[PDB]
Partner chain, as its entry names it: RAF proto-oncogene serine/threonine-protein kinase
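Have a look below at one chain only, the form deposited without the partner chain, in structure tokens format.
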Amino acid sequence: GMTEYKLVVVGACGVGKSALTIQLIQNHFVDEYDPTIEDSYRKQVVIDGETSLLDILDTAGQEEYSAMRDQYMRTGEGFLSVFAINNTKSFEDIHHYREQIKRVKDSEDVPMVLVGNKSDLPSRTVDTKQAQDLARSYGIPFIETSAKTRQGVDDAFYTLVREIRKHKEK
């Protein structure tokens, strides 16, 4: 059989949401992707032996708190909270995205995964230990990724699918 998953990639401008989603979907790195383009991208993959249709929302629109916007974001079954390891502000911004997800879901148990992207760059400003401690504080997994080299990309999205699955079995 198969299961579909609405996954949502969030995080500050430029952390690599689009590059991560395109790597997952098409298996290459897109270095210039219009920062304004918001769209969903589909991938079929087997995860732990079950066909999984991933419907991935790559967010990009202006910060907006309308009923329509809240209701759309609520459709996400799981969220990737993406920051870039050479951008400490994107790391601090993670709490804002977690908070907003919690708000529209009116739940403290939303499937989420913390993703530290750009792990191929030497210019790291976010300690891996710090990022691990943050995810532990949320009770969610942490995965270091590079959309450029594809390191950890499968692990990040598949972990999120697994978190949704567990939240179901619960």
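Numbering follows the first chain given and starts at 1.
- Across the two stretches, 34 to 42 and 119 to 127, the PDB entry reports the greater mean Cα temperature factor for 119 to 127.
- Set 45 to 53 against 139 to 147 and average the Cα temperature factors; 45 to 53 ends up higher.
- Highest CA B-factor among the listed residues (134, 113, 68, 60): 68.
- The deposited CA B-factor of residue 26 belongs to the middle third of values across its chain.
- Annotation for residue 2: C-alpha temperature factor in the middle third relative to the rest of the modelled chain, per the entry.
This protein has a second form, the form solved in complex with the partner chain, left out of what is shown; the following refers to that one.
- In the deposited bound form, no residue of 112 to 144 lies within 4.5 Å of the partner chain by any heavy atom.
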